[PDB]
file query.txt (compact mmCIF, C-alpha atoms)
# COMPACT_ATOMS: atom_id res chain seq x y z
CA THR A 691 -2.59 34.98 17.65
CA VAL A 692 -5.04 35.56 20.51
CA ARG A 693 -6.42 38.96 21.51
CA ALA A 694 -8.72 39.96 24.36
CA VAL A 695 -11.79 42.15 23.82
CA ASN A 696 -13.83 43.85 26.53
CA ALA A 697 -17.60 44.34 26.71
CA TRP A 698 -17.31 47.25 24.25
CA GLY A 699 -15.66 45.22 21.48
CA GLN A 700 -12.21 46.81 21.86
CA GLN A 701 -9.54 44.22 21.12
CA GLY A 702 -6.39 44.28 23.22
CA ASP A 703 -2.74 43.67 22.51
CA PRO A 704 -2.00 40.39 20.70
CA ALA A 705 -0.28 37.35 22.16
CA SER A 706 1.30 34.91 19.72
CA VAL A 707 2.26 31.24 19.82
CA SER A 708 3.86 29.05 17.17
CA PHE A 709 3.81 25.35 16.35
CA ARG A 710 4.49 22.97 13.48
CA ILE A 711 2.94 19.94 11.81
CA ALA A 712 5.40 17.74 9.93
CA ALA A 713 5.61 14.31 8.36
CA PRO A 714 6.31 11.44 10.78
CA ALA A 715 9.90 10.44 11.44
CA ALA A 716 11.34 7.71 9.26
CA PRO A 717 11.73 4.25 10.84
CA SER A 718 14.91 3.86 12.88
CA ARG A 719 15.48 0.13 13.47
CA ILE A 720 14.08 -2.59 11.21
CA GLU A 721 13.77 -6.22 12.31
CA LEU A 722 13.80 -8.57 9.30
CA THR A 723 13.19 -12.01 10.69
CA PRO A 724 13.62 -14.89 8.22
CA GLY A 725 11.57 -18.00 7.65
CA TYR A 726 10.61 -20.75 5.25
CA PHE A 727 10.78 -18.89 1.91
CA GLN A 728 9.42 -15.84 3.77
CA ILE A 729 10.67 -12.60 5.29
CA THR A 730 8.84 -10.74 8.06
CA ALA A 731 9.72 -7.05 8.26
CA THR A 732 8.82 -5.12 11.42
CA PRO A 733 9.93 -1.47 11.38
CA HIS A 734 10.32 0.56 14.55
CA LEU A 735 10.46 4.23 15.50
CA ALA A 736 12.68 6.14 17.90
CA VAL A 737 9.47 7.67 19.32
CA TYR A 738 6.10 5.97 18.94
CA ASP A 739 3.50 7.80 16.81
CA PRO A 740 -0.02 6.45 17.33
CA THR A 741 -1.27 7.64 13.96
CA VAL A 742 1.63 6.34 11.87
CA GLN A 743 1.77 3.32 9.57
CA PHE A 744 4.48 1.95 7.29
CA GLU A 745 4.52 1.66 3.50
CA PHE A 746 6.42 -1.46 2.41
CA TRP A 747 7.86 -1.79 -1.11
CA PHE A 748 9.68 -4.89 -2.37
CA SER A 749 12.70 -5.10 -4.68
CA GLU A 750 14.44 -8.29 -5.77
CA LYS A 751 17.55 -6.17 -6.39
CA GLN A 752 19.01 -2.92 -5.10
CA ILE A 753 18.66 0.42 -6.87
CA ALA A 754 21.27 3.18 -6.83
CA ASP A 755 18.75 5.98 -6.17
CA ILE A 756 16.24 5.69 -3.33
CA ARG A 757 13.92 8.17 -5.08
CA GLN A 758 12.93 5.66 -7.80
CA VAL A 759 11.14 3.35 -5.34
CA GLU A 760 7.75 4.66 -6.48
CA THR A 761 8.54 3.37 -9.99
CA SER A 762 11.38 0.82 -9.82
CA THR A 763 9.94 -1.37 -7.03
CA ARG A 764 6.68 -3.16 -6.26
CA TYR A 765 4.55 -1.46 -3.61
CA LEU A 766 3.84 -4.28 -1.16
CA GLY A 767 1.35 -2.38 0.98
CA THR A 768 0.69 -0.49 4.20
CA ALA A 769 0.74 -1.97 7.70
CA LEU A 770 2.56 -2.08 11.02
CA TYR A 771 4.46 -5.18 9.85
CA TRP A 772 4.64 -7.04 6.55
CA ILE A 773 5.22 -10.69 5.65
CA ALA A 774 6.56 -11.40 2.16
CA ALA A 775 6.17 -15.02 1.05
CA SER A 776 6.07 -16.35 -2.51
CA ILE A 777 7.67 -18.96 -4.74
CA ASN A 778 9.55 -16.04 -6.30
CA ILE A 779 11.26 -15.69 -2.90
CA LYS A 780 14.07 -18.23 -2.60
CA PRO A 781 16.66 -18.75 0.14
CA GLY A 782 20.23 -17.68 -0.53
CA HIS A 783 19.28 -14.50 -2.42
CA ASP A 784 19.09 -11.09 -0.78
CA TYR A 785 15.97 -8.95 -1.12
CA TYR A 786 15.34 -5.28 -0.31
CA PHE A 787 12.43 -3.57 1.43
CA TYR A 788 11.93 0.17 0.98
CA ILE A 789 9.71 1.24 3.88
CA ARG A 790 8.55 4.69 4.91
CA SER A 791 6.41 6.17 7.67
CA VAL A 792 3.09 7.51 6.36
CA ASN A 793 -0.04 9.02 7.89
CA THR A 794 -2.72 11.59 7.06
CA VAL A 795 -0.29 14.50 7.45
CA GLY A 796 2.26 13.19 4.97
CA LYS A 797 4.82 10.57 4.01
CA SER A 798 8.38 10.22 5.30
CA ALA A 799 11.57 9.58 3.35
CA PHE A 800 12.29 6.00 2.36
CA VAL A 801 14.55 3.66 4.34
CA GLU A 802 15.95 0.53 2.69
CA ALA A 803 16.48 -2.67 4.69
CA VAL A 804 18.08 -5.82 3.27
CA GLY A 805 16.33 -9.07 4.18
CA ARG A 806 17.31 -12.72 3.76
CA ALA A 807 15.46 -16.03 4.01
CA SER A 808 16.09 -18.64 6.72
CA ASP A 809 18.81 -20.69 4.96
CA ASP A 810 18.47 -23.13 7.88
CA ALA A 811 17.17 -26.24 6.12
CA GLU A 812 18.37 -28.67 8.80
CA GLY A 813 16.08 -27.14 11.42
CA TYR A 814 13.06 -27.77 9.19
CA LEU A 815 14.27 -31.22 8.12
CA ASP A 816 14.51 -32.29 11.77
CA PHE A 817 10.69 -32.13 11.70
CA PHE A 818 10.88 -34.50 8.69
CA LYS A 819 12.55 -37.18 10.84
CA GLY A 820 11.72 -40.81 10.08
CA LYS A 821 8.57 -39.98 8.15
CA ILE A 822 9.37 -40.14 4.41
CA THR A 823 8.67 -43.86 4.11
CA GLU A 824 8.96 -45.07 0.50
CA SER A 825 6.88 -43.21 -2.05
CA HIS A 826 8.18 -39.64 -1.87
CA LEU A 827 11.43 -40.51 -3.66
CA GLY A 828 11.82 -40.01 -7.38
CA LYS A 829 11.00 -42.91 -9.68
CA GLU A 830 14.67 -43.35 -10.60
CA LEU A 831 15.65 -44.00 -6.99
CA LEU A 832 12.62 -46.26 -6.51
CA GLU A 833 13.60 -48.50 -9.42
CA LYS A 834 17.29 -48.41 -8.46
CA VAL A 835 16.49 -49.31 -4.84
CA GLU A 836 14.07 -52.11 -5.74
CA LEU A 837 16.88 -54.01 -7.50
CA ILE B 789 -14.97 -11.10 -0.37
CA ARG B 790 -17.10 -7.97 -0.07
CA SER B 791 -16.23 -4.33 0.52
CA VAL B 792 -17.48 -3.15 3.91
CA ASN B 793 -17.27 0.06 5.94
CA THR B 794 -19.36 2.05 8.42
CA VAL B 795 -21.87 3.11 5.75
CA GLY B 796 -22.69 -0.41 4.61
CA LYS B 797 -21.58 -3.66 3.02
CA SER B 798 -21.18 -4.36 -0.69
CA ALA B 799 -22.27 -7.40 -2.68
CA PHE B 800 -20.04 -10.46 -2.52
CA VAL B 801 -17.43 -11.35 -5.13
CA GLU B 802 -16.23 -14.96 -5.39
CA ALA B 803 -12.61 -15.67 -6.34
CA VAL B 804 -11.20 -19.16 -6.89
CA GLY B 805 -7.77 -19.73 -5.37
CA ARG B 806 -5.28 -22.58 -5.62
CA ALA B 807 -2.16 -23.64 -3.73
CA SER B 808 1.36 -23.52 -5.18
CA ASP B 809 1.57 -27.06 -6.62
CA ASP B 810 5.26 -26.29 -7.25
CA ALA B 811 6.95 -28.80 -4.95
CA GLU B 812 10.25 -28.84 -6.87
CA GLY B 813 10.90 -25.17 -6.12
CA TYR B 814 10.70 -25.95 -2.41
CA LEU B 815 12.71 -29.18 -2.77
CA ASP B 816 15.57 -27.20 -4.29
CA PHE B 817 15.97 -25.69 -0.80
CA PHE B 818 15.95 -29.26 0.59
CA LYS B 819 19.09 -30.06 -1.43
CA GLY B 820 21.73 -32.31 0.11
CA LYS B 821 20.42 -32.17 3.69
CA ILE B 822 18.29 -35.32 4.22
CA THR B 823 21.25 -37.43 5.33
CA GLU B 824 20.10 -40.76 6.80
CA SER B 825 17.53 -40.50 9.57
CA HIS B 826 14.61 -38.73 7.88
CA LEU B 827 13.75 -41.79 5.77
CA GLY B 828 11.09 -44.22 6.92
CA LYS B 829 12.16 -47.23 8.95
CA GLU B 830 11.35 -49.63 6.10
CA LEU B 831 13.84 -47.92 3.79
CA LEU B 832 16.38 -47.75 6.62
CA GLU B 833 16.26 -51.50 7.24
CA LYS B 834 16.17 -52.34 3.52
CA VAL B 835 19.09 -49.99 2.79
CA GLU B 836 21.23 -51.29 5.66
CA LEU B 837 21.28 -54.74 4.02
CA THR C 691 -31.98 23.30 1.30
CA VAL C 692 -30.39 26.64 2.25
CA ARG C 693 -32.28 29.91 2.69
CA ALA C 694 -30.99 33.41 3.42
CA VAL C 695 -32.52 35.57 6.15
CA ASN C 696 -31.99 39.30 6.68
CA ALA C 697 -31.63 41.19 9.96
CA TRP C 698 -35.42 41.07 10.47
CA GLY C 699 -35.70 37.28 10.33
CA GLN C 700 -37.37 37.12 6.91
CA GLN C 701 -36.16 34.01 5.08
CA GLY C 702 -35.52 34.17 1.34
CA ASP C 703 -36.15 31.84 -1.56
CA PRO C 704 -34.71 28.34 -1.07
CA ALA C 705 -31.72 26.91 -2.90
CA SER C 706 -31.42 23.14 -3.06
CA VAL C 707 -28.58 20.68 -3.58
CA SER C 708 -28.62 16.89 -3.69
CA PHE C 709 -26.12 14.17 -2.87
CA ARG C 710 -26.01 10.48 -2.04
CA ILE C 711 -24.26 8.14 0.39
CA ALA C 712 -24.08 4.54 -0.83
CA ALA C 713 -22.29 1.31 0.00
CA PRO C 714 -18.69 1.03 -1.27
CA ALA C 715 -18.08 -0.53 -4.66
CA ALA C 716 -17.35 -4.24 -4.77
CA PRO C 717 -13.71 -5.25 -5.35
CA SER C 718 -12.70 -4.97 -9.00
CA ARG C 719 -9.75 -7.38 -9.34
CA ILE C 720 -8.53 -10.18 -7.08
CA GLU C 721 -4.88 -11.20 -6.79
CA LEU C 722 -4.61 -14.75 -5.42
CA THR C 723 -1.04 -15.65 -4.92
CA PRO C 724 -0.29 -19.26 -3.91
CA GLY C 725 2.27 -20.64 -1.53
CA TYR C 726 3.21 -23.49 0.77
CA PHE C 727 -0.24 -24.81 1.73
CA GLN C 728 -1.37 -21.17 1.79
CA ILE C 729 -3.34 -18.73 -0.34
CA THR C 730 -2.90 -14.95 -0.08
CA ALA C 731 -5.92 -13.01 -1.35
CA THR C 732 -5.64 -9.28 -2.07
CA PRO C 733 -8.66 -7.48 -3.57
CA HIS C 734 -8.46 -4.17 -5.41
CA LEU C 735 -11.17 -1.66 -6.25
CA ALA C 736 -11.43 0.29 -9.49
CA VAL C 737 -11.32 3.52 -7.46
CA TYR C 738 -9.44 3.69 -4.17
CA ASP C 739 -11.54 4.12 -1.02
CA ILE D 100 -15.15 32.65 -25.73
CA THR D 101 -16.00 36.37 -26.26
CA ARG D 102 -19.54 37.80 -25.98
CA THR D 103 -19.67 41.43 -27.28
CA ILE D 104 -21.74 42.96 -24.48
CA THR D 105 -21.95 46.39 -26.24
CA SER D 106 -24.32 47.81 -23.63
CA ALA D 107 -24.98 51.51 -23.00
CA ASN D 108 -25.27 52.19 -19.25
CA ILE D 109 -22.62 49.95 -17.70
CA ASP D 110 -20.07 51.12 -15.12
CA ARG D 111 -18.09 48.04 -14.04
CA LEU D 112 -17.70 44.46 -15.26
CA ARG D 113 -17.70 41.41 -12.99
CA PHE D 114 -16.58 37.99 -14.25
CA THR D 115 -17.78 34.76 -12.64
CA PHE D 116 -15.19 32.14 -13.60
CA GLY D 117 -14.10 28.96 -11.86
CA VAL D 118 -13.10 25.32 -12.11
CA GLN D 119 -15.31 22.23 -12.13
CA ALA D 120 -12.68 20.26 -10.19
CA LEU D 121 -9.07 20.61 -9.08
CA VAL D 122 -7.94 17.21 -7.76
CA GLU D 123 -4.70 15.61 -8.98
CA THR D 124 -5.29 11.90 -8.47
CA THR D 125 -2.35 9.51 -8.51
CA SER D 126 -2.08 5.74 -8.70
CA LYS D 127 -3.04 3.98 -5.41
CA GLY D 128 -5.15 7.03 -4.46
CA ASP D 129 -4.49 10.42 -2.79
CA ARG D 130 -4.99 13.89 -4.31
CA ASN D 131 -3.02 17.10 -4.77
CA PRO D 132 -3.56 20.68 -6.03
CA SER D 133 -3.63 21.43 -9.76
CA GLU D 134 -2.44 25.02 -10.54
CA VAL D 135 -5.10 26.31 -12.95
CA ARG D 136 -4.48 29.63 -14.74
CA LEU D 137 -6.96 31.82 -16.65
CA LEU D 138 -6.78 35.23 -18.33
CA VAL D 139 -9.39 37.99 -18.76
CA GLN D 140 -8.78 40.48 -21.58
CA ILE D 141 -10.58 43.46 -23.08
CA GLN D 142 -11.01 44.44 -26.72
CA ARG D 143 -9.23 47.82 -26.43
CA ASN D 144 -9.84 48.81 -30.06
CA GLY D 145 -7.58 46.39 -31.94
CA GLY D 146 -5.24 45.01 -29.31
CA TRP D 147 -6.46 42.55 -26.68
CA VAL D 148 -4.69 43.87 -23.58
call {"tool": "encode", "arguments": {"input": "query.txt", "output": "structure tokens"}}
result
Amino acid sequence: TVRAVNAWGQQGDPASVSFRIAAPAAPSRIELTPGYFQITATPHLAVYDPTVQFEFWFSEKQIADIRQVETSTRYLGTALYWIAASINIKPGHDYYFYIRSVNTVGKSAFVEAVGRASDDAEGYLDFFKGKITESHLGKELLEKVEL
Amino acid sequence: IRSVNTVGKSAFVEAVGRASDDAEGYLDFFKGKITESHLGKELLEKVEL
Amino acid sequence: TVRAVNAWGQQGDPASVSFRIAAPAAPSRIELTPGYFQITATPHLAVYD
Amino acid sequence: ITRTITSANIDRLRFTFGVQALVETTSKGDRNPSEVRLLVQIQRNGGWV
């Protein structure tokens, strides 16, 4: 509310304006690119908010209620994009990422995105072409082959 | 690694890290896909005989 | 140090407070996960900054 | 606590209470309000109203 006062200190009639400050909108589209035992999650927003970041949480399995993420999942971190890569990650098994938009004002509701590994071994093995010479094979095949 | 910010920088902390050393876990993904041509030429010629 | 002054400009007795600004604490724990020819280091402080 | 002022020429009583801190820290950081409640009572003969 803004009022005008003259040189004698007499305030005038009030003029009012209204506005709101709310938590950032939850991510709209999530790009989960796969890779070699790794998943790269890049969330996106319908409208871009300079001050926003994304909280990533990891779950090896789904949960019925999305409100248990703060306890039932592992909080991966905060970023604009997150790469998850570990020996615990294996191709052929689905994983879940609970991500939410956060900033100084507040935190948005969670959004769950299902990510998968590459499962494209042949593409990586093409780089292994004609290079495994003799010694990489297991001892059983070495002794069987030598005969 | 040391904690830094605008105010100043903290004393260093040294942490010793190691690689996976768990080849078999990665080889399980390599299952049944190395058909013929990935092997070295010596094995190819020996095997063809 | 804060002092009060009346309408005639006469300052009062001083009241003092003290504080400090120091470098951030060094990381408390280090999580070093391994991977394929890679090491991922994540430090953690005892108190979040 | 209670203090038994039992003065002679008092007219009104002013209490200076407060809280030393009010943060509600959570894991990974952040803070929230705390909702402190206190009560000031008088002797009133036998019943503390």
call {"tool": "interface_residues", "arguments": {"input": "query.txt", "of": "chain A", "to": "chain B", "cutoff": "8 Å", "atoms": "all atoms listed in the file", "output": "list in words"}}
result
residues 777, 780, 781, 811, 812, 815, 816, 818, 819, 820, 821, 822, 823 and 824 of chain A
call {"tool": "closest_atom_pairs", "arguments": {"input": "query.txt", "of": "chain A", "to": "chain D", "cutoff": "12 Å", "atoms": "all atoms listed in the file", "output": "tab-separated table"}}
result
residue	atom	partner	partner_atom	distance
A:745	CA	D:127	CA	11.9
A:760	CA	D:126	CA	10.1
A:761	CA	D:126	CA	11.0
A:765	CA	D:127	CA	9.5
A:766	CA	D:127	CA	11.6
A:767	CA	D:127	CA	10.0
A:768	CA	D:127	CA	11.2
A:793	CA	D:129	CA	11.7
A:794	CA	D:129	CA	10.1
A:795	CA	D:129	CA	11.8
A:796	CA	D:129	CA	10.7
A:797	CA	D:129	CA	11.5
call {"tool": "residues_around", "arguments": {"input": "query.txt", "residues": "residue 784 in chain A", "least_positions_apart": "5", "cutoff": "10 Å", "atoms": "only C-alpha atoms", "output": "ChimeraX atom specification"}}
result
/A:749-752,779,804-807
call {"tool": "atom_distance", "arguments": {"input": "query.txt", "atom1": "CA of residue 801 in chain A", "atom2": "CA of residue 737 in chain C"}}
result
28.4 Å
call {"tool": "atom_distance", "arguments": {"input": "query.txt", "atom1": "CA of residue 125 in chain D", "atom2": "CA of residue 732 in chain C"}}
result
20.1 Å
call {"tool": "closest_residue", "arguments": {"input": "query.txt", "among": "A:803, A:792, A:711, A:720", "to": "residue 741 in chain A", "atoms": "only C-alpha atoms"}}
result
A:792
call {"tool": "closest_atom_pairs", "arguments": {"input": "query.txt", "of": "chain B", "to": "chain C", "cutoff": "10 Å", "atoms": "all atoms listed in the file", "output": "Markdown table"}}
result
| residue | atom | partner | partner_atom | distance |
| --- | --- | --- | --- | --- |
| B:789 | CA | C:717 | CA | 7.8 |
| B:790 | CA | C:716 | CA | 6.0 |
| B:791 | CA | C:716 | CA | 5.4 |
| B:792 | CA | C:714 | CA | 6.8 |
| B:793 | CA | C:714 | CA | 7.4 |
| B:794 | CA | C:713 | CA | 8.9 |
| B:795 | CA | C:713 | CA | 6.0 |
| B:796 | CA | C:713 | CA | 4.9 |
| B:797 | CA | C:713 | CA | 5.9 |
| B:798 | CA | C:716 | CA | 5.6 |
| B:799 | CA | C:716 | CA | 6.2 |
| B:800 | CA | C:716 | CA | 7.1 |
| B:801 | CA | C:716 | CA | 7.1 |
| B:802 | CA | C:720 | CA | 9.2 |
| B:803 | CA | C:720 | CA | 6.9 |
| B:804 | CA | C:722 | CA | 8.1 |
| B:805 | CA | C:722 | CA | 5.9 |
| B:806 | CA | C:724 | CA | 6.2 |
| B:807 | CA | C:724 | CA | 4.8 |
| B:808 | CA | C:725 | CA | 4.7 |
| B:809 | CA | C:725 | CA | 8.2 |
| B:810 | CA | C:725 | CA | 8.6 |
| B:811 | CA | C:726 | CA | 8.7 |
| B:814 | CA | C:726 | CA | 8.5 |
call {"tool": "interface_residues", "arguments": {"input": "query.txt", "of": "chain D", "to": "chain C", "cutoff": "9 Å", "atoms": "only C-alpha atoms", "output": "ChimeraX atom specification"}}
result
/D:126-129
